[PDB]
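Chain order of the listed sequences is A and A'. A prime marks a further copy of an entry chain. Read in order, the letters of the first sequence are residues 4 to 198, 201 to 258 in PDB author numbering. Read in order, the letters of the second sequence are residues 4 to 198, 201 to 258 in PDB author numbering. Everything on this sheet refers to the single structure shown next.
2 protein chains.
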Amino acid sequence: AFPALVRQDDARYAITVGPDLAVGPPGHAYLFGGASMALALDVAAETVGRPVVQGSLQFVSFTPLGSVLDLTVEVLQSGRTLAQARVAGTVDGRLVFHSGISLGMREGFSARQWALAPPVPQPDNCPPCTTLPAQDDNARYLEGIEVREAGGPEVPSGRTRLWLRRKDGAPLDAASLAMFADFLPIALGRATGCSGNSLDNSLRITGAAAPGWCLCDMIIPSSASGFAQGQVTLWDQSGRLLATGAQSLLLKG
Amino acid sequence: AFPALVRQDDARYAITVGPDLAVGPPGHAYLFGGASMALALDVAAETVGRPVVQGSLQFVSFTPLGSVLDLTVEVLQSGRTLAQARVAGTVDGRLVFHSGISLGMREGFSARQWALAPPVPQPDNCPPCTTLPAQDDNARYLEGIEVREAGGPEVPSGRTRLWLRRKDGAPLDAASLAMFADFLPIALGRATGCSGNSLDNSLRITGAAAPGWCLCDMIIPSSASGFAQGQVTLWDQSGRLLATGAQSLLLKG
Ligand SMILES: [Ca+2]
Ligand SMILES: [Ca+2]
Numbered sequence: 004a005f006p007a008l009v010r011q012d013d014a015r016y017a018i019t020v021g022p023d024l025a026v027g028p029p030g031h032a033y034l035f036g037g038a039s040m041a042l043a044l045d046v047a048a049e050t051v052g053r054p055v056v057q058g059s060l061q062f063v064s065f066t067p068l069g070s071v072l073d074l075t076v077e078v079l080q081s082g083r084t085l086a087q088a089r090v091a092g093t094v095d096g097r098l099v100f101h102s103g104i105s106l107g108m109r110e111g112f113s114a115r116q117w118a119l120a121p122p123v124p125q126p127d128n129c130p131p132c133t134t135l136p137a138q139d140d141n142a143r144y145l146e147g148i149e150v151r152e153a154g155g156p157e158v159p160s161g162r163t164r165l166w167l168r169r170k171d172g173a174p175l176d177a178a179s180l181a182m183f184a185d186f187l188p189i190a191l192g193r194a195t196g197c198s201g202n203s204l205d206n207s208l209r210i211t212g213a214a215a216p217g218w219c220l221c222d223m224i225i226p227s228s229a230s231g232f233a234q235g236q237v238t239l240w241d242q243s244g245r246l247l248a249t250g251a252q253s254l255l256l257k258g
Numbered sequence: 004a005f006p007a008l009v010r011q012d013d014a015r016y017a018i019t020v021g022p023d024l025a026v027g028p029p030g031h032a033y034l035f036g037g038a039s040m041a042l043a044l045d046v047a048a049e050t051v052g053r054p055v056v057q058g059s060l061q062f063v064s065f066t067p068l069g070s071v072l073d074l075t076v077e078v079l080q081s082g083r084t085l086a087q088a089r090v091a092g093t094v095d096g097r098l099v100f101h102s103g104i105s106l107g108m109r110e111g112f113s114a115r116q117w118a119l120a121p122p123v124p125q126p127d128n129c130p131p132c133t134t135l136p137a138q139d140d141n142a143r144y145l146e147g148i149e150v151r152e153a154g155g156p157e158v159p160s161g162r163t164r165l166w167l168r169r170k171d172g173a174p175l176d177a178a179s180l181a182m183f184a185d186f187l188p189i190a191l192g193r194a195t196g197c198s201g202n203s204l205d206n207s208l209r210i211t212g213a214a215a216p217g218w219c220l221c222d223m224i225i226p227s228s229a230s231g232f233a234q235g236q237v238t239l240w241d242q243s244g245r246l247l248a249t250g251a252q253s254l255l256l257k258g
């Protein structure tokens with residue numbers, strides 16, 4: 004998932020943040036929140052040796068483009084049915100994020116889905132998204148993602164539905180899902196009319214998928230007192246629910 | 004919110020878990036997950052001196068009925084626009100949960116709601132819920148809540164909609180919302196047909214309300230590999246969105 008990620012040991016990892024993992028408006032370039040989540044989940048799974056079920060990450064401070072991000076993993080428990088870990092991200096010893104992650108995978112249970120995918124057009128029947136927010140020329144994460152509008156002429160209030168596809172053809176693994184889940188700030192800009202910053206990221210993974218299109222199905226249901234919240238469901242191209250996510254955001258104003 | 008909660012200082016609090024805060028099937032009585040979340044949010048707001056925006060809590064171990072729960076608060080930051088804290092719960096020094104919470108309240112912003120409440124009957128037009136899971140006679144949290152069925156004859160797949168009201172007439176504050184958000188295990192039992202345990206609790210608060218009925222609007226969208234996930238929206242009786250929540254659960258099997 005992250006070739007540039009270096010493991011010092013079980014528990015300690017580091018990665019230098021390059022333009023490919025950076026976002027921001029002109030004049031700003033920092034590590035994409037979703038990438039932070041992806042990295043936290045990656046190091047947790049790699050340290051524990053089992054797949055992520057869910058994770059929550061709180062953003063404490065910004066990680067500028069070019070920083071070395073140190074990730075430290077603490078395993079709180081690892082039994083036959085479940086493991087739990089915490090992952091701290093630091094730059095130069097400064098805390099930039101902390102997280103709690105549950106890991107596990109049990110045999111003997113069926114896969115079940117009660118939720119039904121919204122009836123959006125298939126990807127090749129959707130136009131490119133020409134309204135992504137302006138980005139610093141050195142913040143190039145978004146350049147690596149193909150985005151199409153899936154919401155149609157009458158998308159409901161507060162909703163944003165995008166087809167997303169990694170240009171690098173990576174599978175729709177935990178890392179990819181964590182990254183796509185952090186497209187909620189774009190949904191906020193649409194809901195408000197203003198092209201906020203995340204306070205946190207939460208991801209709940211039901212299953213992964215092979216490379217392809219992901220329906221990024223978002224809602225911003227409410228805001229008050231300078232903050233907003235959003236929820237997202239990540240589907241494959243065939244209506245299978247891969248993951249859900251959510252976050253709260255600090256409004257620009 | 005919690006009269007029995009004792010503050011030792013900024014940062015350190017304790018509460019003895021009595022039957023009123025306990026749940027479980029016969030033979031088991033432990034601190035209600037939602038109460039854990041409520042307590043974590045309570046101590047964070049009390050230590051920081053501002054209201055909660057969101058919180059996530061990871062359950063590490065069980066807190067038996069009768070335990071003294073120690074809560075320790077660490078403030079990671081407290082500026083003009085936002086504060087962040089972590090809260091650890093321990094019993095006899097043993098970690099039972101850890102959490103990350105964002106706090107703040109900014110002047111000069113409007114309240115906005117894009118989400119529309121489902122068109123369920125009003126509380127007095129809904130029958131009592133006679134199918135709550137059996138509880139140990141010493142696990143009496145549920146006894147203090149009036150529950151009515153809001154879903155109607157054709158509630159959609161995976162959904163559970165309940166009207167909830169505290170018999171003690173407390174307002175629909177952060178504590179109450181955290182507790183009601185943790186009714187998702189009941190939604191899981193309905194979705195599966197089996198009367201799981203939470204791995205975590207997440208809560209995002211937009212606003213509070215005066216005492217009354219709360220529409221507890223839940224979905225279990227998917228499950229796989231021995232785990233499931235759920236999401237919940239908490240509304241007042243008039244269609245205002247108060248909070249949302251989510252969690253992942255370990256399936257009994
Ligand atoms: Ca290991
Ligand atoms: Ca204080």
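Built from N, CA and C at the ideal position, the CB exists for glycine as well.
With distances taken between CB atoms, is the gap from residue i to residue j smaller than 8 Å?
i: residue 178 of chain A'; j: residue 208 of chain A'; result: no
i: residue 255 of chain A'; j: residue 187 of chain A'; result: no
i: residue 249 of chain A; j: residue 236 of chain A'; result: yes
i: residue 142 of chain A'; j: residue 17 of chain A'; result: no
i: residue 240 of chain A'; j: residue 114 of chain A'; result: no
i: residue 55 of chain A'; j: residue 78 of chain A'; result: no
i: residue 111 of chain A'; j: residue 53 of chain A'; result: no
i: residue 75 of chain A; j: residue 94 of chain A; result: no
i: residue 166 of chain A; j: residue 161 of chain A'; result: no
i: residue 101 of chain A; j: residue 91 of chain A; result: yes
i: residue 126 of chain A'; j: residue 242 of chain A'; result: yes
i: residue 216 of chain A; j: residue 172 of chain A; result: yes
i: residue 8 of chain A; j: residue 20 of chain A; result: no
i: residue 211 of chain A; j: residue 229 of chain A'; result: yes
i: residue 43 of chain A'; j: residue 176 of chain A'; result: no
i: residue 36 of chain A'; j: residue 138 of chain A'; result: no
i: residue 225 of chain A'; j: residue 251 of chain A'; result: no
i: residue 153 of chain A'; j: residue 98 of chain A'; result: no
i: residue 180 of chain A'; j: residue 246 of chain A'; result: no
i: residue 63 of chain A; j: residue 57 of chain A'; result: no
i: residue 123 of chain A; j: residue 147 of chain A; result: no
i: residue 105 of chain A; j: residue 253 of chain A'; result: yes
Secondary structure at residue i, three-state DSSP: helix, strand or coil?
i: residue 187 of chain A; result: helix
i: residue 97 of chain A'; result: strand
i: residue 214 of chain A'; result: strand
i: residue 103 of chain A'; result: strand
i: residue 209 of chain A'; result: strand
i: residue 91 of chain A'; result: strand
Compute the beta-carbon to beta-carbon distance between residue i and residue j, rounded to the nearest angstrom, for a pair I have assumed lies under 8 Å.
i: residue 233 of chain A'; j: residue 201 of chain A'; result: 6 Å
i: residue 169 of chain A'; j: residue 231 of chain A; result: Wrong, their Cβ atoms sit about 29 Å apart, outside the cutoff.
i: residue 38 of chain A'; j: residue 223 of chain A'; result: Between residue 223 of chain A' and residue 38 of chain A' the Cβ distance is about 18 Å, and since that is not below 8 Å, they are no contact.
i: residue 151 of chain A'; j: residue 174 of chain A'; result: With 8 Å as the limit, residue 151 of chain A' and residue 174 of chain A' do not qualify as a contact, their Cβ atoms being about 19 Å apart.
i: residue 68 of chain A'; j: residue 22 of chain A'; result: 7 Å
i: residue 103 of chain A; j: residue 59 of chain A'; result: 7 Å
i: residue 88 of chain A; j: residue 47 of chain A; result: 5 Å
The stretch 101–117 of chain A': positions lying closer than 9 Å to chain A by Cβ: 101, 102, 103, 104, 105, 107, 108, 109, 110, 111, 112, 113, 114, 115, 116, 117
Contact set between the stretch 9–42 of chain A and chain A', restricted to residues whose Cβ is under 9 Å from the partner: none
By C-beta, the residues closer than 7 Å to any heavy atom of ligand 4, given in chain order: Absence of ligand 4 is noted for the structure shown, with ligand 1 and ligand 2 being the only ligands found.
Whole alpha helix (DSSP H) elements within the stretch 113–187 of chain A', 4-residue minimum: 177–184
Interface residues of the stretch 210–228 of chain A' facing chain A [CB-CB below 9 Å]: 210, 211, 212, 224, 225, 226, 227, 228
Length at least 4, wholly inside the stretch 9–89 of chain A: the alpha helix (DSSP H) runs in chain order: 36–51
Under 9 Å (Cβ pairs) to chain A', residues found in the stretch 131–146 of chain A: none
Residue ranges of each beta strand (DSSP E) within the stretch 228–252 of chain A', 3 or longer: 232–240
Contacting positions in the stretch 61–75 of chain A' - beta carbon closer than 7 Å to chain A: 61, 63
Proximal residues, the stretch 184–196 of chain A versus chain A', C-beta separation under 9 Å: 194, 195
Members of the stretch 237–249 of chain A near chain A', C-beta cut-off 8 Å: 238, 246, 249
Within 9 Å of chain A' by C-beta, residues of the stretch 160–182 of chain A in sequence order: 160, 161, 162
Chain A' contacts from the stretch 77–96 of chain A (Cβ-Cβ distance under 9 Å): 79, 80, 84, 85, 87, 89
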